[PDB]
$ cat query_28.pdb   # PDB, C-alpha atoms (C1' of nucleotides) and all ligand atoms
ATOM      1  CA  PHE A  10     -17.878 -21.472 -27.836  1.00  0.00           C
ATOM      2  CA  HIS A  11     -15.664 -21.282 -30.951  1.00  0.00           C
ATOM      3  CA  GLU A  12     -15.401 -18.174 -33.147  1.00  0.00           C
ATOM      4  CA  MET A  13     -14.128 -16.535 -29.966  1.00  0.00           C
ATOM      5  CA  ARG A  14     -11.618 -19.327 -29.475  1.00  0.00           C
ATOM      6  CA  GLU A  15     -10.237 -19.496 -32.995  1.00  0.00           C
ATOM      7  CA  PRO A  16      -6.711 -18.076 -33.550  1.00  0.00           C
ATOM      8  CA  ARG A  17      -5.842 -14.889 -35.414  1.00  0.00           C
ATOM      9  CA  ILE A  18      -2.694 -12.939 -36.247  1.00  0.00           C
ATOM     10  CA  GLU A  19      -1.822 -10.053 -33.984  1.00  0.00           C
ATOM     11  CA  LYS A  20       1.192  -8.118 -35.292  1.00  0.00           C
ATOM     12  CA  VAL A  21       4.143  -9.427 -37.300  1.00  0.00           C
ATOM     13  CA  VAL A  22       7.426  -7.822 -36.300  1.00  0.00           C
ATOM     14  CA  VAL A  23       9.986  -7.563 -39.099  1.00  0.00           C
ATOM     15  CA  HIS A  24      13.294  -6.362 -37.698  1.00  0.00           C
ATOM     16  CA  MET A  25      16.887  -6.172 -38.911  1.00  0.00           C
ATOM     17  CA  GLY A  26      19.290  -6.379 -35.997  1.00  0.00           C
ATOM     18  CA  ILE A  27      22.282  -4.617 -37.547  1.00  0.00           C
ATOM     19  CA  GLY A  28      25.183  -3.439 -35.396  1.00  0.00           C
ATOM     20  CA  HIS A  29      25.119   0.313 -36.003  1.00  0.00           C
ATOM     21  CA  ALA A  35      20.507   2.446 -40.692  1.00  0.00           C
ATOM     22  CA  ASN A  36      20.336   2.487 -44.486  1.00  0.00           C
ATOM     23  CA  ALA A  37      18.456  -0.795 -43.966  1.00  0.00           C
ATOM     24  CA  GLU A  38      15.202   0.925 -42.966  1.00  0.00           C
ATOM     25  CA  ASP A  39      14.537   1.761 -46.631  1.00  0.00           C
ATOM     26  CA  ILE A  40      14.034  -1.889 -47.624  1.00  0.00           C
ATOM     27  CA  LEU A  41      11.944  -2.608 -44.529  1.00  0.00           C
ATOM     28  CA  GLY A  42       9.676   0.251 -45.527  1.00  0.00           C
ATOM     29  CA  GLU A  43       9.116  -1.277 -48.956  1.00  0.00           C
ATOM     30  CA  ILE A  44       8.938  -4.909 -47.828  1.00  0.00           C
ATOM     31  CA  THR A  45       6.188  -3.952 -45.353  1.00  0.00           C
ATOM     32  CA  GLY A  46       4.545  -0.687 -46.350  1.00  0.00           C
ATOM     33  CA  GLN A  47       5.027   1.537 -43.301  1.00  0.00           C
ATOM     34  CA  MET A  48       7.835   3.463 -41.564  1.00  0.00           C
ATOM     35  CA  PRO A  49      10.469   1.534 -39.562  1.00  0.00           C
ATOM     36  CA  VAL A  50      11.521   2.262 -36.004  1.00  0.00           C
ATOM     37  CA  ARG A  51      14.999   2.810 -34.616  1.00  0.00           C
ATOM     38  CA  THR A  52      16.459   0.202 -32.292  1.00  0.00           C
ATOM     39  CA  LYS A  53      18.508   1.682 -29.458  1.00  0.00           C
ATOM     40  CA  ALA A  54      20.690  -0.720 -27.509  1.00  0.00           C
ATOM     41  CA  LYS A  55      21.358  -1.290 -23.818  1.00  0.00           C
ATOM     42  CA  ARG A  56      24.719  -1.879 -22.090  1.00  0.00           C
ATOM     43  CA  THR A  57      28.251  -1.062 -23.237  1.00  0.00           C
ATOM     44  CA  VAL A  58      30.090  -3.869 -25.035  1.00  0.00           C
ATOM     45  CA  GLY A  59      33.241  -4.847 -26.934  1.00  0.00           C
ATOM     46  CA  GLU A  60      31.680  -4.919 -30.408  1.00  0.00           C
ATOM     47  CA  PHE A  61      32.501  -1.189 -30.339  1.00  0.00           C
ATOM     48  CA  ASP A  62      28.935  -0.940 -29.151  1.00  0.00           C
ATOM     49  CA  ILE A  63      29.397   1.099 -25.996  1.00  0.00           C
ATOM     50  CA  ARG A  64      26.837   3.755 -26.879  1.00  0.00           C
ATOM     51  CA  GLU A  65      23.671   3.330 -24.794  1.00  0.00           C
ATOM     52  CA  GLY A  66      21.209   5.369 -26.829  1.00  0.00           C
ATOM     53  CA  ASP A  67      22.197   4.469 -30.381  1.00  0.00           C
ATOM     54  CA  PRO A  68      20.596   3.368 -33.643  1.00  0.00           C
ATOM     55  CA  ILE A  69      21.507  -0.308 -34.166  1.00  0.00           C
ATOM     56  CA  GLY A  70      18.599  -1.592 -36.203  1.00  0.00           C
ATOM     57  CA  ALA A  71      14.947  -1.118 -36.985  1.00  0.00           C
ATOM     58  CA  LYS A  72      11.697  -3.013 -36.661  1.00  0.00           C
ATOM     59  CA  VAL A  73       8.193  -2.791 -38.016  1.00  0.00           C
ATOM     60  CA  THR A  74       5.046  -3.995 -36.308  1.00  0.00           C
ATOM     61  CA  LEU A  75       2.329  -4.858 -38.802  1.00  0.00           C
ATOM     62  CA  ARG A  76      -1.307  -5.414 -37.907  1.00  0.00           C
ATOM     63  CA  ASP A  77      -4.401  -6.642 -39.755  1.00  0.00           C
ATOM     64  CA  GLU A  78      -4.188  -6.626 -43.550  1.00  0.00           C
ATOM     65  CA  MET A  79      -0.738  -5.029 -43.465  1.00  0.00           C
ATOM     66  CA  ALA A  80       0.370  -8.218 -41.683  1.00  0.00           C
ATOM     67  CA  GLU A  81      -1.406 -10.694 -43.968  1.00  0.00           C
ATOM     68  CA  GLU A  82      -0.441  -9.003 -47.212  1.00  0.00           C
ATOM     69  CA  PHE A  83       3.091  -9.348 -45.866  1.00  0.00           C
ATOM     70  CA  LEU A  84       2.923 -12.962 -44.729  1.00  0.00           C
ATOM     71  CA  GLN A  85       1.374 -13.805 -48.100  1.00  0.00           C
ATOM     72  CA  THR A  86       4.969 -13.673 -49.365  1.00  0.00           C
ATOM     73  CA  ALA A  87       7.010 -14.036 -46.191  1.00  0.00           C
ATOM     74  CA  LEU A  88       5.730 -17.490 -45.275  1.00  0.00           C
ATOM     75  CA  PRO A  89       6.388 -18.769 -48.840  1.00  0.00           C
ATOM     76  CA  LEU A  90      10.026 -17.721 -48.364  1.00  0.00           C
ATOM     77  CA  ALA A  91      10.309 -19.913 -45.283  1.00  0.00           C
ATOM     78  CA  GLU A  92      10.215 -23.683 -44.856  1.00  0.00           C
ATOM     79  CA  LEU A  93      10.715 -24.407 -41.173  1.00  0.00           C
ATOM     80  CA  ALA A  94       8.092 -25.390 -38.632  1.00  0.00           C
ATOM     81  CA  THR A  95       7.866 -27.328 -35.335  1.00  0.00           C
ATOM     82  CA  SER A  96      10.344 -26.881 -32.451  1.00  0.00           C
ATOM     83  CA  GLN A  97      10.798 -23.420 -33.980  1.00  0.00           C
ATOM     84  CA  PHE A  98       7.442 -22.558 -32.428  1.00  0.00           C
ATOM     85  CA  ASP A  99       6.604 -20.690 -29.230  1.00  0.00           C
ATOM     86  CA  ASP A 100       5.050 -22.270 -26.164  1.00  0.00           C
ATOM     87  CA  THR A 101       2.422 -19.593 -26.679  1.00  0.00           C
ATOM     88  CA  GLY A 102       1.829 -20.423 -30.329  1.00  0.00           C
ATOM     89  CA  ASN A 103       4.330 -18.022 -31.849  1.00  0.00           C
ATOM     90  CA  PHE A 104       7.194 -18.564 -34.290  1.00  0.00           C
ATOM     91  CA  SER A 105      10.021 -16.521 -35.792  1.00  0.00           C
ATOM     92  CA  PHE A 106      11.669 -17.208 -39.153  1.00  0.00           C
ATOM     93  CA  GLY A 107      14.271 -15.710 -41.471  1.00  0.00           C
ATOM     94  CA  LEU A 128      16.312 -10.288 -41.437  1.00  0.00           C
ATOM     95  CA  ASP A 129      13.784 -11.597 -38.890  1.00  0.00           C
ATOM     96  CA  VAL A 130      10.015 -11.956 -39.218  1.00  0.00           C
ATOM     97  CA  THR A 131       8.078 -12.893 -36.083  1.00  0.00           C
ATOM     98  CA  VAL A 132       4.393 -13.764 -35.887  1.00  0.00           C
ATOM     99  CA  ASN A 133       2.464 -13.260 -32.659  1.00  0.00           C
ATOM    100  CA  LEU A 134      -0.665 -15.407 -32.502  1.00  0.00           C
ATOM    101  CA  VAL A 135      -3.516 -15.375 -30.009  1.00  0.00           C
ATOM    102  CA  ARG A 136      -7.294 -15.653 -29.560  1.00  0.00           C
ATOM    103  CA  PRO A 137     -10.132 -12.977 -29.522  1.00  0.00           C
ATOM    104  CA  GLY A 138     -10.021 -11.800 -25.890  1.00  0.00           C
ATOM    105  CA  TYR A 139      -6.411 -10.586 -25.865  1.00  0.00           C
ATOM    106  CA  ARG A 140      -7.228  -6.899 -25.344  1.00  0.00           C
ATOM    107  CA  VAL A 141      -8.037  -7.910 -21.762  1.00  0.00           C
ATOM    108  CA  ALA A 142      -4.285  -8.100 -21.122  1.00  0.00           C
ATOM    109  CA  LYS A 143      -3.309  -5.069 -23.231  1.00  0.00           C
ATOM    110  CA  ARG A 144      -5.771  -2.387 -22.109  1.00  0.00           C
ATOM    111  CA  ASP A 145      -5.261   0.062 -19.249  1.00  0.00           C
ATOM    112  CA  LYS A 146      -8.353  -0.458 -17.113  1.00  0.00           C
ATOM    113  CA  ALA A 147      -8.998  -3.722 -15.267  1.00  0.00           C
ATOM    114  CA  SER A 148      -6.359  -5.362 -17.425  1.00  0.00           C
ATOM    115  CA  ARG A 149      -5.732  -9.009 -16.625  1.00  0.00           C
ATOM    116  CA  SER A 150      -3.393 -11.796 -17.644  1.00  0.00           C
ATOM    117  CA  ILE A 151      -4.862 -14.346 -20.083  1.00  0.00           C
ATOM    118  CA  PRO A 152      -5.628 -17.727 -18.400  1.00  0.00           C
ATOM    119  CA  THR A 153      -3.374 -20.643 -19.366  1.00  0.00           C
ATOM    120  CA  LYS A 154      -6.399 -22.464 -20.816  1.00  0.00           C
ATOM    121  CA  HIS A 155      -7.345 -19.556 -23.076  1.00  0.00           C
ATOM    122  CA  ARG A 156      -3.712 -19.278 -24.159  1.00  0.00           C
ATOM    123  CA  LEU A 157      -2.642 -20.543 -27.567  1.00  0.00           C
ATOM    124  CA  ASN A 158      -0.707 -23.823 -27.674  1.00  0.00           C
ATOM    125  CA  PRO A 159       2.082 -24.566 -30.196  1.00  0.00           C
ATOM    126  CA  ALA A 160      -0.118 -27.233 -31.747  1.00  0.00           C
ATOM    127  CA  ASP A 161      -3.321 -25.155 -31.905  1.00  0.00           C
ATOM    128  CA  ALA A 162      -1.099 -22.631 -33.665  1.00  0.00           C
ATOM    129  CA  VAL A 163       0.408 -24.928 -36.312  1.00  0.00           C
ATOM    130  CA  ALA A 164      -3.139 -25.913 -37.239  1.00  0.00           C
ATOM    131  CA  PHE A 165      -4.410 -22.366 -37.764  1.00  0.00           C
ATOM    132  CA  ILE A 166      -1.460 -21.302 -39.933  1.00  0.00           C
ATOM    133  CA  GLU A 167      -0.862 -24.591 -41.722  1.00  0.00           C
ATOM    134  CA  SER A 168      -4.550 -24.244 -42.528  1.00  0.00           C
ATOM    135  CA  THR A 169      -3.558 -21.125 -44.450  1.00  0.00           C
ATOM    136  CA  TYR A 170      -1.472 -21.730 -47.618  1.00  0.00           C
ATOM    137  CA  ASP A 171       1.377 -24.154 -46.726  1.00  0.00           C
ATOM    138  CA  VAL A 172       2.485 -27.103 -44.558  1.00  0.00           C
ATOM    139  CA  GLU A 173       3.864 -27.686 -41.018  1.00  0.00           C
ATOM    140  CA  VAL A 174       7.222 -29.360 -40.210  1.00  0.00           C
TER     141      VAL A 174
ATOM    142  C1'   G B   1      60.676  38.986  24.189  1.00  0.00           C
ATOM    143  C1'   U B   2      58.034  34.790  23.480  1.00  0.00           C
ATOM    144  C1'   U B   3      55.611  30.443  21.482  1.00  0.00           C
ATOM    145  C1'   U B   4      56.385  25.438  20.495  1.00  0.00           C
ATOM    146  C1'   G B   5      48.289  22.825  22.082  1.00  0.00           C
ATOM    147  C1'   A B   6      45.027  18.635  23.617  1.00  0.00           C
ATOM    148  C1'   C B   7      43.832  13.155  23.736  1.00  0.00           C
ATOM    149  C1'   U B   8      46.875   8.953  25.601  1.00  0.00           C
ATOM    150  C1'   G B   9      45.958   1.951  30.416  1.00  0.00           C
ATOM    151  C1'   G B  10      52.660   7.312  32.670  1.00  0.00           C
ATOM    152  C1'   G B  11      55.385  10.260  29.168  1.00  0.00           C
ATOM    153  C1'   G B  12      57.842   9.871  24.186  1.00  0.00           C
ATOM    154  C1'   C B  13      57.512   7.456  19.351  1.00  0.00           C
ATOM    155  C1'   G B  14      52.956   5.548  16.563  1.00  0.00           C
ATOM    156  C1'   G B  15      47.810   6.911  16.158  1.00  0.00           C
ATOM    157  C1'   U B  16      43.394  11.122  15.955  1.00  0.00           C
ATOM    158  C1'   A B  17      38.721   7.501  18.974  1.00  0.00           C
ATOM    159  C1'   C B  18      40.347  16.628  17.997  1.00  0.00           C
ATOM    160  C1'   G B  19      34.541  18.671  13.207  1.00  0.00           C
ATOM    161  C1'   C B  20      31.001  15.396  10.801  1.00  0.00           C
ATOM    162  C1'   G B  21      27.458  10.490   8.708  1.00  0.00           C
ATOM    163  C1'   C B  22      25.882   4.883   9.051  1.00  0.00           C
ATOM    164  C1'   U B  23      25.566  -0.557  11.286  1.00  0.00           C
ATOM    165  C1'   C B  24      26.930  -3.092  15.773  1.00  0.00           C
ATOM    166  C1'   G B  25      28.438  -2.468  20.733  1.00  0.00           C
ATOM    167  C1'   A B  26      23.439  -0.344  23.383  1.00  0.00           C
ATOM    168  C1'   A B  27      20.731  -4.503  27.745  1.00  0.00           C
ATOM    169  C1'   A B  28      13.178  -4.585  22.122  1.00  0.00           C
ATOM    170  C1'   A B  29      11.139   3.716  24.569  1.00  0.00           C
ATOM    171  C1'   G B  30      15.038   7.744  25.070  1.00  0.00           C
ATOM    172  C1'   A B  31      20.180   8.394  26.776  1.00  0.00           C
ATOM    173  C1'   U B  32      24.907   5.696  27.028  1.00  0.00           C
ATOM    174  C1'   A B  33      31.892   4.834  27.507  1.00  0.00           C
ATOM    175  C1'   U B  34      36.867   2.870  25.840  1.00  0.00           C
ATOM    176  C1'   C B  35      43.560   3.903  21.418  1.00  0.00           C
ATOM    177  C1'   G B  36      35.531  -0.622  21.012  1.00  0.00           C
ATOM    178  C1'   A B  37      34.234  -3.867  15.813  1.00  0.00           C
ATOM    179  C1'   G B  38      32.923  -2.732  10.359  1.00  0.00           C
ATOM    180  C1'   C B  39      33.471   1.942   7.391  1.00  0.00           C
ATOM    181  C1'   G B  40      32.650   6.518   5.404  1.00  0.00           C
ATOM    182  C1'   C B  41      32.360  12.666   4.768  1.00  0.00           C
ATOM    183  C1'   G B  42      35.370  17.738   3.658  1.00  0.00           C
ATOM    184  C1'   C B  43      32.433  16.664  -2.736  1.00  0.00           C
ATOM    185  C1'   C B  44      30.240  15.730  -7.350  1.00  0.00           C
ATOM    186  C1'   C B  45      25.918  17.269 -10.529  1.00  0.00           C
ATOM    187  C1'   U B  46      22.493  22.873 -15.228  1.00  0.00           C
ATOM    188  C1'   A B  47      21.200  17.913 -14.705  1.00  0.00           C
ATOM    189  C1'   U B  48      22.682  13.714 -11.843  1.00  0.00           C
ATOM    190  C1'   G B  49      17.587  19.813 -10.242  1.00  0.00           C
ATOM    191  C1'   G B  50      11.996  20.676 -11.269  1.00  0.00           C
ATOM    192  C1'   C B  51       7.296  19.047 -13.607  1.00  0.00           C
ATOM    193  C1'   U B  52       4.455  16.293 -17.118  1.00  0.00           C
ATOM    194  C1'   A B  53       3.682  12.297 -20.543  1.00  0.00           C
ATOM    195  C1'   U B  54       4.603   7.447 -21.689  1.00  0.00           C
ATOM    196  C1'   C B  55       6.436   3.142 -19.227  1.00  0.00           C
ATOM    197  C1'   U B  56       8.514  -1.241 -15.747  1.00  0.00           C
ATOM    198  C1'   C B  57      13.097  -3.526 -13.679  1.00  0.00           C
ATOM    199  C1'   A B  58      16.980  -7.576 -12.351  1.00  0.00           C
ATOM    200  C1'   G B  59      17.326 -12.780 -13.475  1.00  0.00           C
ATOM    201  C1'   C B  60      15.619 -17.112 -15.886  1.00  0.00           C
ATOM    202  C1'   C B  61      12.847 -19.693 -20.069  1.00  0.00           C
ATOM    203  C1'   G B  62      11.207 -20.569 -25.098  1.00  0.00           C
ATOM    204  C1'   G B  63      11.473 -18.546 -30.923  1.00  0.00           C
ATOM    205  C1'   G B  64      14.562 -15.682 -34.817  1.00  0.00           C
ATOM    206  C1'   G B  65      26.006 -12.786 -23.974  1.00  0.00           C
ATOM    207  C1'   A B  66      24.108  -7.039 -29.687  1.00  0.00           C
ATOM    208  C1'   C B  67      18.795  -6.357 -31.488  1.00  0.00           C
ATOM    209  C1'   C B  68      13.676  -8.388 -32.255  1.00  0.00           C
ATOM    210  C1'   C B  69       8.963 -11.460 -30.238  1.00  0.00           C
ATOM    211  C1'   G B  70       6.439 -14.187 -26.268  1.00  0.00           C
ATOM    212  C1'   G B  71       6.284 -16.025 -21.253  1.00  0.00           C
ATOM    213  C1'   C B  72       7.490 -16.333 -15.851  1.00  0.00           C
ATOM    214  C1'   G B  73       9.038 -12.575 -12.769  1.00  0.00           C
ATOM    215  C1'   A B  74       6.635  -7.447  -5.627  1.00  0.00           C
ATOM    216  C1'   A B  75      11.629  -5.945  -6.631  1.00  0.00           C
ATOM    217  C1'   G B  76      17.004  -9.627  -6.063  1.00  0.00           C
TER     218        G B  76
HETATM  219 MG    MG C 201      56.601  38.810  30.136  1.00  0.00          MG
HETATM  220 MG    MG C 202      61.937  28.078  25.102  1.00  0.00          MG
HETATM  221 MG    MG C 203      49.562  15.449  28.269  1.00  0.00          MG
HETATM  222 MG    MG C 204      17.226   2.519  23.019  1.00  0.00          MG
HETATM  223 NA    NA C 205      49.140  26.533  21.057  1.00  0.00          NA
END
$ encode --input "query_28.pdb" --output "structure tokens" --more "lines below"
Ligand SMILES: [Mg+2]
Ligand SMILES: [Mg+2]
Ligand SMILES: [Mg+2]
Ligand SMILES: [Mg+2]
Ligand code: NA
Amino acid sequence: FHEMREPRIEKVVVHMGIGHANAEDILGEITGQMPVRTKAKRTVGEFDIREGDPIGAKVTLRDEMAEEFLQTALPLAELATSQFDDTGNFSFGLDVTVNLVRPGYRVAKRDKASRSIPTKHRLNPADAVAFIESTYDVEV
RNA sequence: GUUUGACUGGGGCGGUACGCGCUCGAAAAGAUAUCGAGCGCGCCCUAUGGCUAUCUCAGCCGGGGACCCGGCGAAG
């Protein structure tokens, strides 16, 4: 049963929602791979009327690139609880989000016969705290 | 020397139902009138055309009315 039910980290998105950049540079070094532009939608008063327009960057890290990052990111954060997803996710911080899920996720991300992951096989906030807390730190 | 139009609950004044498109009137095929009700067109676009690749939207919810992540979401 287990082994295929035990949590794992799938991508950690580090993004800097600026309002118009030079910031990529640090993201590249804090993570280890190129950043991606962040265009914005809708015209608004914060002199942000431009639809297509660089207004920040993000970086999606997977596997080791994500651990080797969290092995310093987490330590720089304290928070826990309430600040967790209903799907077992949590964002802290410059933002650093951690998407967590179990082994059969590809079923909902592939092209052919894709399917949505059953509520039971989903990751709960609690089942999430456990996994992570059980990895160099403490909850709440 | 001539012209100075037509429609019109008489004619004039007002209006254009004088060329066009849609809903209703219209009676569950088609056709269908009034100065019938609601309202539009006389353009604009080198992309706002064409194809291919990749992709899924509104709105709401939860975590850090811009941006980022997850979820619900046949279509508003
Ligand atoms: Mg004569
Ligand atoms: Mg005369
Ligand atoms: Mg007459
Ligand atoms: Mg008919
Ligand atoms: Na005439």
$ residues_near_point --input "query_28.pdb" --point "(5.8, 4.3, -42.7)" --cutoff "12 Å" --atoms "all atoms listed in the file" --output "list in words"
residues 38, 39, 40, 41, 42, 43, 44, 45, 46, 47, 48, 49, 50, 72, 73, 74, 75 and 79 of chain A
$ residues_around --input "query_28.pdb" --residues "residue 97 in chain A" --least-positions-apart "4" --cutoff "9 Å" --atoms "all atoms listed in the file" --output "list in words"
residues 93, 103, 104, 105 and 106 of chain A; 63 and 64 of chain B
$ residues_near_ligand --input "query_28.pdb" --ligand "ligand NA 205 (chain C)" --cutoff "10 Å" --atoms "only C-alpha atoms (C1' of nucleotides) and all ligand atoms" --output "list in words"
residues 3, 4, 5 and 6 of chain B
$ closest_residue --input "query_28.pdb" --among "B:30, B:1, B:76, B:59" --to "ligand MG 204 (chain C)" --atoms "only C-alpha atoms (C1' of nucleotides) and all ligand atoms"
B:30
$ residues_near_point --input "query_28.pdb" --point "(26.4, -4.5, 16.2)" --cutoff "12 Å" --atoms "all atoms listed in the file" --output "number ranges by chain"
B: 22-26, 36-38
$ interface_residues --input "query_28.pdb" --of "chain B" --to "chain A" --cutoff "12 Å" --atoms "only C-alpha atoms (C1' of nucleotides)" --output "list in words"
residues 61, 62, 63, 64, 65, 66, 67, 68, 69, 70, 71 and 72 of chain B
$ resolve_selection --input "query_28.pdb" --expression "the PyMOL selection byres (((chain A and resi 89) around 12) and not hetatm)" --output "number ranges by chain"
A: 83-88, 90-93, 106-107, 167, 169-172
$ atom_distance --input "query_28.pdb" --atom1 "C1' of residue 18 in chain B" --atom2 "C1' of residue 43 in chain B"
22.2 Å
$ residues_near_ligand --input "query_28.pdb" --ligand "ligand MG 203 (chain C)" --cutoff "9 Å" --atoms "only C-alpha atoms (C1' of nucleotides) and all ligand atoms" --output "PDB file with C-alpha atoms (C1' of nucleotides), in the frame of the given file"
ATOM      1  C1'   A B   6      45.027  18.635  23.617  1.00  0.00           C
ATOM      2  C1'   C B   7      43.832  13.155  23.736  1.00  0.00           C
ATOM      3  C1'   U B   8      46.875   8.953  25.601  1.00  0.00           C
ATOM      4  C1'   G B  11      55.385  10.260  29.168  1.00  0.00           C
TER       5        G B  11
END
$ axis_aligned_box --input "query_28.pdb" --around "range 157-170 of chain A" --padding-each-side "4 Å" --output "lines of an AutoDock Vina configuration file"
center_x = -1.2
center_y = -23.9
center_z = -37.6
size_x = 14.6
size_y = 14.7
size_z = 28.1
$ atom_distance --input "query_28.pdb" --atom1 "CA of residue 94 in chain A" --atom2 "CA of residue 174 in chain A"
4.4 Å
$ resolve_selection --input "query_28.pdb" --expression "the PyMOL selection byres (((not hetatm)) within 12 of (chain C and resi 204))" --output "ChimeraX atom specification"
/B:26-32
$ atom_distance --input "query_28.pdb" --atom1 "CA of residue 168 in chain A" --atom2 "CA of residue 16 in chain A"
11.1 Å
$ resolve_selection --input "query_28.pdb" --expression "the PyMOL selection byres (((chain B and resi 15) around 9) and not hetatm)" --output "PyMOL selection string"
chain B and resi 14+16+35
$ build_atoms --input "query_28.pdb" --residues "range 13-26 of chain A" --atoms "N, CA, C and O atoms" --output "PDB file, in the frame of the given file"
ATOM      1  N   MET A  13     -14.773 -17.382 -30.956  1.00  0.00           N
ATOM      2  CA  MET A  13     -14.128 -16.535 -29.966  1.00  0.00           C
ATOM      3  C   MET A  13     -12.972 -17.309 -29.367  1.00  0.00           C
ATOM      4  O   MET A  13     -12.347 -16.874 -28.404  1.00  0.00           O
ATOM      5  N   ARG A  14     -12.699 -18.473 -29.942  1.00  0.00           N
ATOM      6  CA  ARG A  14     -11.618 -19.327 -29.475  1.00  0.00           C
ATOM      7  C   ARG A  14     -10.646 -19.585 -30.613  1.00  0.00           C
ATOM      8  O   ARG A  14      -9.526 -20.053 -30.393  1.00  0.00           O
ATOM      9  N   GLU A  15     -11.074 -19.270 -31.831  1.00  0.00           N
ATOM     10  CA  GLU A  15     -10.237 -19.496 -32.995  1.00  0.00           C
ATOM     11  C   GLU A  15      -9.155 -18.447 -33.178  1.00  0.00           C
ATOM     12  O   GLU A  15      -9.426 -17.247 -33.163  1.00  0.00           O
ATOM     13  N   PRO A  16      -7.904 -18.902 -33.358  1.00  0.00           N
ATOM     14  CA  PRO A  16      -6.711 -18.076 -33.550  1.00  0.00           C
ATOM     15  C   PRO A  16      -6.862 -16.944 -34.553  1.00  0.00           C
ATOM     16  O   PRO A  16      -7.822 -16.889 -35.320  1.00  0.00           O
ATOM     17  N   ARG A  17      -5.889 -16.041 -34.525  1.00  0.00           N
ATOM     18  CA  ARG A  17      -5.842 -14.889 -35.414  1.00  0.00           C
ATOM     19  C   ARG A  17      -4.438 -14.306 -35.282  1.00  0.00           C
ATOM     20  O   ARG A  17      -3.752 -14.542 -34.284  1.00  0.00           O
ATOM     21  N   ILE A  18      -4.014 -13.544 -36.283  1.00  0.00           N
ATOM     22  CA  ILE A  18      -2.694 -12.939 -36.247  1.00  0.00           C
ATOM     23  C   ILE A  18      -2.712 -11.542 -35.661  1.00  0.00           C
ATOM     24  O   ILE A  18      -3.407 -10.653 -36.155  1.00  0.00           O
ATOM     25  N   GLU A  19      -1.933 -11.356 -34.606  1.00  0.00           N
ATOM     26  CA  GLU A  19      -1.822 -10.053 -33.984  1.00  0.00           C
ATOM     27  C   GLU A  19      -0.369  -9.626 -34.125  1.00  0.00           C
ATOM     28  O   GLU A  19       0.515 -10.170 -33.462  1.00  0.00           O
ATOM     29  N   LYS A  20      -0.135  -8.666 -35.014  1.00  0.00           N
ATOM     30  CA  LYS A  20       1.192  -8.118 -35.292  1.00  0.00           C
ATOM     31  C   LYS A  20       2.276  -9.103 -35.743  1.00  0.00           C
ATOM     32  O   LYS A  20       2.423 -10.206 -35.205  1.00  0.00           O
ATOM     33  N   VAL A  21       3.030  -8.671 -36.747  1.00  0.00           N
ATOM     34  CA  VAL A  21       4.143  -9.427 -37.300  1.00  0.00           C
ATOM     35  C   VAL A  21       5.308  -8.447 -37.295  1.00  0.00           C
ATOM     36  O   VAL A  21       5.319  -7.473 -38.049  1.00  0.00           O
ATOM     37  N   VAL A  22       6.283  -8.707 -36.437  1.00  0.00           N
ATOM     38  CA  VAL A  22       7.426  -7.822 -36.300  1.00  0.00           C
ATOM     39  C   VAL A  22       8.594  -8.196 -37.200  1.00  0.00           C
ATOM     40  O   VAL A  22       9.228  -9.232 -37.006  1.00  0.00           O
ATOM     41  N   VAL A  23       8.869  -7.345 -38.184  1.00  0.00           N
ATOM     42  CA  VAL A  23       9.986  -7.563 -39.099  1.00  0.00           C
ATOM     43  C   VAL A  23      11.120  -6.627 -38.685  1.00  0.00           C
ATOM     44  O   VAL A  23      11.036  -5.410 -38.845  1.00  0.00           O
ATOM     45  N   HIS A  24      12.185  -7.190 -38.137  1.00  0.00           N
ATOM     46  CA  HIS A  24      13.294  -6.362 -37.698  1.00  0.00           C
ATOM     47  C   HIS A  24      14.652  -6.842 -38.190  1.00  0.00           C
ATOM     48  O   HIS A  24      14.890  -8.043 -38.331  1.00  0.00           O
ATOM     49  N   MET A  25      15.536  -5.882 -38.448  1.00  0.00           N
ATOM     50  CA  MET A  25      16.887  -6.172 -38.911  1.00  0.00           C
ATOM     51  C   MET A  25      17.911  -5.738 -37.876  1.00  0.00           C
ATOM     52  O   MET A  25      18.329  -4.579 -37.850  1.00  0.00           O
ATOM     53  N   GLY A  26      18.318  -6.679 -37.030  1.00  0.00           N
ATOM     54  CA  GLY A  26      19.290  -6.379 -35.997  1.00  0.00           C
ATOM     55  C   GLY A  26      20.702  -6.156 -36.509  1.00  0.00           C
ATOM     56  O   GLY A  26      21.548  -7.049 -36.429  1.00  0.00           O
TER      57      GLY A  26
END
